[PDB]
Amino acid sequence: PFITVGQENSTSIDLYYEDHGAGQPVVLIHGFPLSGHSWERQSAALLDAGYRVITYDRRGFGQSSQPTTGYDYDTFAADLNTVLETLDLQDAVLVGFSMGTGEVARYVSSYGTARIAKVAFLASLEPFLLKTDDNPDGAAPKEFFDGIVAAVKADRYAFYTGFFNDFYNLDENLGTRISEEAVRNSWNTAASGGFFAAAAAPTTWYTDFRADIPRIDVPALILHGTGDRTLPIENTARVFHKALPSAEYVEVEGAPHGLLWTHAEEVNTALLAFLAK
C-alpha cells in the first residue's frame, strides 16, 4: 500500500506502508539500510498483545520511491507527518530505531504531540553524533562519516557486507542470535534500496537534535545495546538520558546495533512493559 508524500519531476514520491491489527496504533520507523519489514519480530509481538502496527519504508528504501531529493530530517519528518495525517491516527505511539529516532524527535519538535501518546527511541542517534568544539560528547569527527559515504559510493553492494558485520556483531552472534539466512535477507533488502539514498542517508546521521529534545512532552523510553559498535552508547543513549531525564531508560547488555533481531526478546519485553503504562 502507498501514501504519496511529494513529487519528483514527472513522478510522485510514494512511501510503501502496512497497517495491521486493531488496538492502540504503534508506528515503527526503521533504520538504514533496511525497511519496515525489519521490525517483523516486534510486529509479531505487538499483534499478539493487541496493538495496531503501522510500518512504512523511508523514501529511498524498501518498496518506497527512490527520489534523488529530500534526504534530510525536515523532509523525513514531513513525510512522517503526511503518513499520520492521512491515516488520521490518534493516541499513537512512535517507535524509532537508529535513523528512525531522528524522525521521532524532529516530528515532535516541528509538528507537536497532539496525535501522540508516547515515543520510544531504540539505538538512538540523539543528541548529536558529531564531535565538535561545542559538542565534546559526540562520537566522531565529521571526516569519519564522510568516509562511510565514500565507501557506499565506491561499491554499495560490497559496503553492505562489511556494514552488516558490525551492525549485528556477527563475530559474536552469527549462528546463535542471527542466522546466515537472516543476514542474506538483510543484504537483499539493502540492495533493493535506491542508489542515491544509500549514499545520501549517512549524511543525515550527524544532524543536531539538541534543540528538538526539550520539545518532547510525552512519556518516553530510551533503549540501547551496550555492544553497539555503530552508535556507541556513551555518546548517544547515556547523554540522551541526561537531556531527557523523564524518560524510562534501558541498557541491553552486550546487544549490538542490530538488536531488533538479535535481542528481540529483550527489546520486546522492555517495549511492551513501556506500552502497558
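Numbering starts at 1 and follows the sequence shown.
Peer 1: Would 133-141 or 112-120 have the larger average of its C-alpha temperature factors, as given in the entry?
Peer 2: Taking the mean C-alpha B-factor of 133-141 and of 112-120, the larger value falls to 133-141.
Peer 1: Quick one: say whether 60-68 or 206-214 has the higher mean Cα B-factor in the deposited entry.
Peer 2: Between 206-214 and 60-68, it is 206-214 that shows the higher mean C-alpha B-factor.
Peer 1: According to the Cα B-factor stored in this entry, which of the following is highest: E181, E103, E126, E85?
Peer 2: Of the candidates given, the C-alpha B-factor peaks at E85.
Peer 1: Kindly indicate the residue among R41, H241, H30, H224 with the greatest C-alpha B-factor in the PDB record.
Peer 2: The C-alpha B-factor peaks, among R41, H241, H30, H224, at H241.
Peer 1: Select lowest, middle or highest to describe the third in which the CA B-factor of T236 falls within its chain in this entry.
Peer 2: As the PDB entry reports it, the C-alpha B-factor of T236 lands in the middle third of its chain.
Peer 1: By the recorded C-alpha temperature factor, relative to the other modelled residues in its chain, which third is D14 in?
Peer 2: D14: CA B-factor falls in the middle third of its chain.
Peer 1: Looking at the C-alpha B-factor of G193, is it in the lowest, middle or highest third of its chain?
Peer 2: It falls in the middle third of the chain.
Peer 1: By the record's CA B-factor, is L89 among the lowest, middle or highest third of residues in the chain?
Peer 2: Highest third of the chain for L89's C-alpha B-factor.
Peer 1: Ordered by C-alpha B-factor within the chain, which third holds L80? Give me lowest, middle or highest, please.
Peer 2: Its C-alpha B-factor belongs to the lowest third of this chain's values.
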